[PDB]
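Peer 1: Protein chains in written order, with the working numbering: chain Z, 26 to 245; chain G, 1061 to 1110; chain Y, 1055 to 1606.
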Amino acid sequence: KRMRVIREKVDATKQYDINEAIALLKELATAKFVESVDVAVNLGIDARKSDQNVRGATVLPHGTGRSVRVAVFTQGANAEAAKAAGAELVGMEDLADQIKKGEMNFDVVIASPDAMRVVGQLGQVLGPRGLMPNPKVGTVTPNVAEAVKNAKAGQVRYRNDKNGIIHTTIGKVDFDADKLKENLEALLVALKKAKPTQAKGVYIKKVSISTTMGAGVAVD
Amino acid sequence: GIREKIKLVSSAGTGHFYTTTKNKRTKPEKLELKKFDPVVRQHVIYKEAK
Amino acid sequence: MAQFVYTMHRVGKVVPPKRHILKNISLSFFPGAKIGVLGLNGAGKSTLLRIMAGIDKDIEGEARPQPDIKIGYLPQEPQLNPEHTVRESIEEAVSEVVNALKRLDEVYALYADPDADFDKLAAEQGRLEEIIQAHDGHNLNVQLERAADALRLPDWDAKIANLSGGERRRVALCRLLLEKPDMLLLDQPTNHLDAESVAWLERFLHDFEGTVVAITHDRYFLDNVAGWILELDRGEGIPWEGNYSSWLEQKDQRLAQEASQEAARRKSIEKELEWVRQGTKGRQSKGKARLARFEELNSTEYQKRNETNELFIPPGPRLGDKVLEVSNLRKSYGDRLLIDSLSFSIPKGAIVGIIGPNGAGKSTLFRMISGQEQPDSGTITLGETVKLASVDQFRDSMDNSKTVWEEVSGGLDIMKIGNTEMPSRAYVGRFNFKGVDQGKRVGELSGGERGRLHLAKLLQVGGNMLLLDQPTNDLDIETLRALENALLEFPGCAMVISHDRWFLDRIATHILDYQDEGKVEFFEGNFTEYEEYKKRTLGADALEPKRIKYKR
RNA sequence: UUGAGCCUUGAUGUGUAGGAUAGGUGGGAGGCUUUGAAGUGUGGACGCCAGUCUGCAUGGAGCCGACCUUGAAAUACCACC
Ligand SMILES: Nc1ncnc2c1ncn2[C@@H]1O[C@H](COP(=O)(O)OP(=O)(O)OP(=O)(O)O)[C@@H](O)[C@H]1O
Ligand SMILES: Nc1ncnc2c1ncn2[C@@H]1O[C@H](COP(=O)(O)OP(=O)(O)OP(=O)(O)O)[C@@H](O)[C@H]1O
Ligand code: NA
Ligand code: NA
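Right, here's the structure in full:
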């Protein structure tokens, strides 16, 4: 219906610019939902090579528009710090297994600066879903209170696909397009900083801007 | 002339080699001997190569 | 089709003395191509595959793959350490991810203890992330379970040394296929495999995505998996498009043409010789140019050679009417039992084809029959006028450090075979090993010549009871027909284990078919009327395969 | 009359277990149809044959999410395939 309408409405065979169709995308408020942003990024790079896998985090001025929950499943005082600075739930090392088995849900990864009696299930229980805190990406750090920035910045896990495809949220469309620009520049900055050493062709290939039930307009 | 020419490369990492002959029929094994390397001035094991 | 996945430009290869196994081979393989590699034994197909895989390097010419394709090479016979179990052997091929998990344990120690917590860990974990993300990582257990179930591998805790031949080859195949390749070179992939595994393998290869180069001797498997055929007649590869049936006629016509051309060359040579032997007849020329042109006409011809068409099975002693009787045979290794409630009696002048699935007691039967194991019940009575010669599956007993003469003959110029005596050179040459070839090292040999020398080494006891355990392993069809002929004028008795239904159809007089739950059916007659007996006691069912997958 | 591209548009992807042909993370909760059904006929391609996909019709409207009983989850546009 209106899906067939947006089919002709979007003509992605033609190249746009970085902000040429933001108004046309905001024209897709007709769909009955809160219509979060799910931009897609494809680069000119191989992803089968083991060394080129990318994993990390970033920030954006407006937040992702979601409530990132990083429970303090650590030992010491990080749980106490999170209980007032953005901790979903406090779990001691003698109760982390139960706290995960019962309600292990969380918007962000768990918090454990030094209380790390186990990485979690040893079998993808704590790393399969991506909950393993990797300091190399940015999950680990020497700031106990810095984990509050995980929920106060909307830090996103740079998941990597077998074809190097990155899907991320940009502070849902409630923020205006002039606010989408200051997030687009930031995500491009982070993308350039995450550049692999082995590069060829063009360092970015194609970006698709859309909403949840929306159409993916090209960026070029 | 059934013996073919082969070269004893130096395993010390430098580029140096002797040259001898070997009947590849009767002895298909790979030669190795401790000879002298003038580049390093030490006795290193030399292994055969084409 | 636009590009190629592999290329070779003028690749030559020289063996001891001066023989060109390969010369002027300029071939390119495109992505998505399946190629068969036919030819006689000794042609050089295994050498060509080794060169393509990269283990062989000392060549002349260019050989090149594209700059990142994953290559999987399966040799003529795989090497395994007997100490490992199936699980350990597989973990040897998937070691890197297991090592990554062990380093996860190390890192969890370093992160539970405040020492080296962040100063020397973040930059180190790059590989720890990379290996797990690139491979399946923590999905290793389930992927291995699925692969084992799809290949019908033996149990995870079975010792490799106690594993059978077919199971050993299946384990080698699994270790090859776990490291997911794109180029797939196989040297006789269906060697010790049974019909079920062969069907699964050919369907998998047909459904494959990458490129496959396979050395084959099975016409049916070749015709079901390949697109075109490389030949490698004598240093020359002839890529032919089509099927086996047409290529056979092409080869026969080519051989006839070469025979005619050789005859014409001999005619010309003898005519110019009869001119040369003439006189001068005055102060005339005699033609130095013609003399040179005649001397140039001795370019030499490589006789087709190999081409084995006769084998020598020595006569045995006179054999009576009580050859072998087994009554109430029973065998088991632990809970699983191979043979139970088996009995039969074998008459004179019989060939008994033994068939069944992989790992079912076929070799254990021979070990029992010739003093090597002990049945759970017993009563395997041989005759008083029986002399036993045995030939097993694996050519491992002999050493790869002796020439053919020194190995077969034992260094003695006279060889007393059973009753009479024959010169060792003549005896070894009856198996197509001439004076030049009798100096080759056993380790410096091909697969077919290895099997032939195995047969010639163990058939010298002159006994009229042959126990052959898959002697048709890596023999070309010409030597196969030679054995088919030589097995019919041998007056004694033979028991042949073979998965080659076409081979056994020619010579089988009695059948020993294995079935489920340790059933060993004994039937009298050839396969042609065995099928009629089955159709008399008919049961119709065609849902044979499952054909699942390797990975998600 | 055809080949090779090259852009789209559809259509496809069945280990053991769970609803059962059951592809890589979406972003995520309901979209969807009634512009006329879940179903019954009806032609085709696949099949590992239980089925999904579809031309199709007098007639014609709730199916799936929602609950995870799994190594992975709900054929819910567009995704750069
Ligand atoms: N050192 C050597 N001396 C003599 N001949 C050699 C030597 N090395 C290799 N050859 C010859 O190389 C030939 C190539 O055999 P190779 O092992 O490549 O397999 P093939 O000819 O394809 O046959 P198959 O594997 O089916 O037996 C053999 O016939 C062997 O006689
Ligand atoms: N000493 C032993 N200990 C444990 N298991 C054994 C021992 N000897 C044999 N077996 C088992 O019995 C079987 C021996 O293989 P067998 O001789 O029956 O081979 P096959 O599969 O019938 O034939 P093929 O040789 O063609 O593969 C295997 O299942 C093996 O695990
Ligand atoms: Na080989
Ligand atoms: Na065996």
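Backbone N, C-alpha and C define an ideal beta-carbon position, used for all residues, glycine too.
One question on the structure: do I195(Z) and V64(Z) come within less than 9 Å of each other, judged by their Cβ atoms?
Peer 2: Yes, the pair counts as a contact, with Cβ atoms nearer than the cut-off.
Peer 1: Quick one: which chain Y residues come within Cβ less than 9 Å of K1110(G)?
Peer 2: The answer, in chain order, is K1111, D1112.
Peer 1: Apart from the five residues on each side of it in sequence, which residues of its chain come closer than 7 Å, Cβ to Cβ, to residue 1004(Y)?
Peer 2: Past the edges of chain Y, shown from 1055 to 1606, lies residue 1004(Y), and the structure says nothing about it.
Peer 1: If you check the beta carbons only, do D1430(Y) and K1385(Y) fall under 9 Å apart?
Peer 2: Closer than 9 Å, so yes.
Peer 1: Give a single yes or no on whether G1093(Y) has its beta carbon closer than 8 Å to a heavy atom of ligand 3.
Peer 2: Incorrect: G1093(Y) has no Cβ contact closer than 8 Å to ligand 3.
Peer 1: What does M1549(Y) pair with, by DSSP beta-bridge criteria?
Peer 2: DSSP lists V1406(Y), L1521(Y) as partners of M1549(Y).
Peer 1: How about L1231(Y) and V1266(Y): do their beta carbons lie closer than 9 Å?
Peer 2: Their beta carbons are not under 9 Å apart, which means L1231(Y) does not touch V1266(Y) by this criterion.
Peer 1: Please compile the residues from chain G whose C-beta is within a distance smaller than 7 Å of the C-beta of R1495(Y).
Peer 2: What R1495(Y) touches in chain G: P1088.
Peer 1: Is it true that the CB of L1529(Y) sits closer than 9 Å to the CB of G1497(Y)?
Peer 2: Their beta carbons are not under 9 Å apart, which means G1497(Y) does not touch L1529(Y) by this criterion.
Peer 1: Under three-state DSSP, which class holds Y1165(Y)?
Peer 2: Note: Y1165(Y) maps to helix in three-state DSSP.
Peer 1: For the segment 148–161 of chain Z and the segment 1163–1182 of chain Y, state whether three or more C-beta atom pairs, one from each stretch, are separated by less than 8 Å.
Peer 2: Segments in contact, yes.
Peer 1: Count the other C-beta atoms from every protein chain shown that fall within 10 angstroms of the C-beta of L1345(Y), then say buried if there are 16 or more, exposed otherwise.
Peer 2: So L1345(Y) ends up on the exposed side.
Peer 1: So, is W1301(Y) buried or exposed, given that buried needs 16 or more other C-beta atoms within 10 angstroms?
Peer 2: It is buried - the Cβ of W1301(Y) has at least 16 other Cβ atoms within 10 Å.
Peer 1: Pick helix, strand or coil for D76(Z), following the three-state DSSP scheme.
Peer 2: Helix.
Peer 1: Output yes if chain Y places a C-beta closer than 9 Å to the C-beta of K1067(G); else output no.
Peer 2: So no, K1067(G) is outside the interface.
Peer 1: Taking 7 Å as the limit, name every residue whose beta carbon sits nearer than that to some heavy atom of ligand 4, in sequence order.
Peer 2: After applying the 7 Å Cβ criterion, the set is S1218(Y), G1219(Y), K1416(Y), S1417(Y), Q1447(Y), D1523(Y).
Peer 1: Within the segment 162–245 of chain Z, note down every full alpha helix (DSSP H) run reaching 4 residues or more, in order along the chain.
Peer 2: Listed in chain order, the complete alpha helix (DSSP H) runs (minimum 4 residues) inside the segment 162–245 of chain Z are 173–178, 202–218.
Peer 1: Could you tell me the alpha carbon to alpha carbon distance between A1249(Y) and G1220(Y), rounded to whole angstroms?
Peer 2: The alpha-carbon atoms of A1249(Y) and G1220(Y) are separated by roughly 11 Å.
Peer 1: Does the separation of the CB atoms of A136(Z) and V95(Z) fall below 9 Å?
Peer 2: Going by C-beta atoms, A136(Z) is nearer than 9 Å to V95(Z).
Peer 1: Closer than 8 Å: is that where the CB of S1100(Y) sits relative to any heavy atom of ligand 3?
Peer 2: At least one heavy atom of ligand 3 is nearer than 8 Å to the Cβ of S1100(Y), so yes.
Peer 1: Which whole-angstrom value describes the C-beta separation of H87(Z) and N208(Z), a residue pair presumed to lie in contact below a C-beta threshold of 8 Å?
Peer 2: Correct: roughly 7 Å between the Cβ atoms.
Peer 1: Going by the C-beta, is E1116(Y) closer than 8 Å to any heavy atom of ligand 2?
Peer 2: Result no, Cβ not under 8 Å from ligand 2.
Peer 1: Who are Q1102(G)'s beta bridge partners in DSSP?
Peer 2: Paired residue(s): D1097(G).
Peer 1: Along the segment 63–76 of chain Z, what residues have a CB closer than 8 Å to any CB found in chain Y?
Peer 2: Residues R73, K74, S75, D76.
Peer 1: Identify every run of the alpha helix (DSSP H) within the segment 58–116 of chain Z, keeping only runs that are complete inside it and at least 4 residues long; order them along the chain.
Peer 2: Segments of the alpha helix (DSSP H) lying fully in the segment 58–116 of chain Z: 103–110.
Peer 1: Just checking my contact of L68(Z) with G189(Z) at CB under 8 Å: how many whole Å lie between their CB atoms?
Peer 2: So it is a contact: roughly 5 Å between Cβ atoms.
Peer 1: So, do the segment 70–84 of chain Z and the segment 1097–1108 of chain G have three or more beta carbon pairs nearer to each other than 8 Å?
Peer 2: The segment 70–84 of chain Z vs the segment 1097–1108 of chain G: no contact.
Peer 1: When the Cα atoms are used, what is the spatial distance from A1268(Y) to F1448(Y)?
Peer 2: Taking the straight line from one Cα to the other gives about 22 Å.
Peer 1: Just to confirm, does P1371(Y) get its C-beta within under 8 Å of one of the non-hydrogen atoms of ligand 3?
Peer 2: No - ligand 3 has no heavy atom lying nearer than 8 Å to the Cβ of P1371(Y).
Peer 1: Helix, strand or coil for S1143(Y) per DSSP?
Peer 2: Reduced to three states, the DSSP call for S1143(Y) is helix.
Peer 1: Going along the chain, which residues of the segment 1165–1189 of chain Y sit with their C-beta nearer than 9 Å to a C-beta in chain Z?
Peer 2: For the segment 1165–1189 of chain Y, which is checked against every Cβ of chain Z, the residues closer than 9 Å are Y1165, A1166, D1167, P1168, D1171, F1172, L1175, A1176, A1177, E1178, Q1179, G1180, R1181, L1182, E1183, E1184, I1185, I1186, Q1187, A1188, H1189.
Peer 1: Expressed to the nearest angstrom, what Euclidean distance is found between the alpha-carbon atoms of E1326(Y) and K1358(Y)?
Peer 2: If you take the alpha carbons of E1326(Y) and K1358(Y), they lie about 26 Å apart.
Peer 1: Can you name, in chain order, every residue of its own chain whose Cβ lies under 8 Å from the Cβ of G111(Z), other than the five neighbours on each side?
Peer 2: Result list for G111(Z): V95, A172, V173, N175, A176, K177, in chain order.
Peer 1: Going by alpha carbons, who is nearest to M1237(Y) out of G1086(Y), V1279(Y), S1455(Y)?
Peer 2: Nearest of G1086(Y), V1279(Y), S1455(Y) to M1237(Y), Cα basis: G1086(Y).
Peer 1: Would you kindly report the start and end of the unbroken alpha helix (DSSP H) that includes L1309(Y)?
Peer 2: It spans 1298–1330 - the alpha helix (DSSP H) in which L1309(Y) sits, taken as one unbroken run.
Peer 1: Taking a cut of 8 Å between CB atoms, which residues from the segment 1070–1090 of chain Y lie near chain G?
Peer 2: For the segment 1070–1090 of chain Y, which is checked against every Cβ of chain G, the residues closer than 8 Å are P1070, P1071.
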